[PDB]
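Residue-level listing of the chains:
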Amino acid sequence: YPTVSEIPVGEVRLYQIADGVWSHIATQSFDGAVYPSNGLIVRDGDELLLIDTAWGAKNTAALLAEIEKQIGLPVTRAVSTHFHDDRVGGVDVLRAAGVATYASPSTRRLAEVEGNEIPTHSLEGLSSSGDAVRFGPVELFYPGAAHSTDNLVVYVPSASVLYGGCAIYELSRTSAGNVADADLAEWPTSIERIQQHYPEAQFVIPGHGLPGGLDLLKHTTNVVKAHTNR
Ligand SMILES: O=C(O)c1c(F)ccc2c1O[B-](O)(O)[C@@H]1C[C@H]21
Ligand SMILES: [Zn+2]
Ligand SMILES: [Zn+2]
Ligand SMILES: [Zn+2]
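The rules behind the values
- Residues numbered from 1 in each chain as written, not as in the entry; some residues may be left out.
- Chains lettered and ligands numbered in written order.
- Heavy atoms only, no water.
- Donors = N, O, S within 2.8 Å, 3.2 Å for Na, K, Ca; no water.
- Helix = DSSP H or I, 4+ residues; strand = E, 2+ residues; numbered from the N terminus.
- Buried < 20%, exposed > 50% of the residue type's maximum accessible area, 1.4 Å probe, protein only.
- Salt bridge = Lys/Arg side-chain N within 4 Å of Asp/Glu carboxyl O.

Method of determination, as annotated in the archive: X-ray crystallography, at 1.2000 Å resolution.

A. Quick peek at the coordination of the zinc ion (ligand 2). For the zinc ion (ligand 2), the full set of protein donor atoms is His82 (NE2), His84 (ND1) and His147 (NE2), at a range of 2.0 to 2.1 Å. Each donor residue of the zinc ion (ligand 2) belongs to the same chain, with the gaps between them written as H-x1-H-x62-H. Between the zinc ion (ligand 2) and the zinc ion (ligand 3), the interatomic distance is 4.3 Å. With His84 in the loop between β5 (75–79) and α2 (85–88) and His147 in the loop between β9 (138–142) and β10 (153–156), this pair connects stretches of sequence that are 63 residues apart. Owing to a relative accessible area of 5%, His147 belongs among the buried residues under this scheme.

B. Here's a closer look at the pattern of salt bridges. Evaluated as defined, the whole model comprises five salt bridges. The salt bridge involving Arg77 is made with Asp44; its shortest N-O contact spans 3.2 Å. One end of the pair, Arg77, is in strand β5; the other, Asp44, is in strand β3 (residues 33–44), with 33 residues separating them in the sequence. Here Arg87 makes a salt bridge to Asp86, at a shortest N to O gap of 3.1 Å. Here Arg87 and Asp86 have matching classes, each one buried. What you see here is one network of salt bridges that share partners, running through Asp52, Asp86 and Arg87.

Following this line, the structure appears as structure tokens:
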């Protein structure tokens, strides 16, 4: 799996998880440190569905170029899983390229208030904790407030891939990440909704870092509970 040390600045790598399912990996500086960040690509017939930008306009242009080089099918729709820049930063690049960009109404509102890029289309049916909707080759799920109040997770039923976004931490992360907009009180309950809804998931992708199994959900709960008590 691609890591920071393998990814030059402004570049994107793809990792094929299953037939027609990839993660995309980019890097970005934040407060002087370099972070990896993951999104998803899911084949949708002879088109592609993109989950999340690559954390900025430059990275997202590089993402589109790497998709063309390695896959060669058009990205027609994109979903942003919450309102922060690792998820919507680059939406303007996607829109200018002809991609239809989507997010929940909650995410669109929070992005506008925060001054971040705003996906065009609104995803209905995701406003109450536990809600799920189909979107092409994926299911979108709103587990409740966690890393952010609007965070969605994405499941690929054909491949048993669960993309947790920033609500799910990689195993190497043993203290809180960016929690400025987090709901610490609800985060473990929201993770439990994910576990209860996707107990069949085989391949779990965090917002940042290395994939794993469903152990990443318990790990994230452990870290979040420890932070609550600290
Ligand atoms: O997900 C994280 O915990 C995370 C982090 F650890 C450092 C910086 C960021 C993070 O994600 B974010 O809150 O979505 C935002 C782009 C910034
Ligand atoms: Zn965030
Ligand atoms: Zn993040
Ligand atoms: Zn752990």
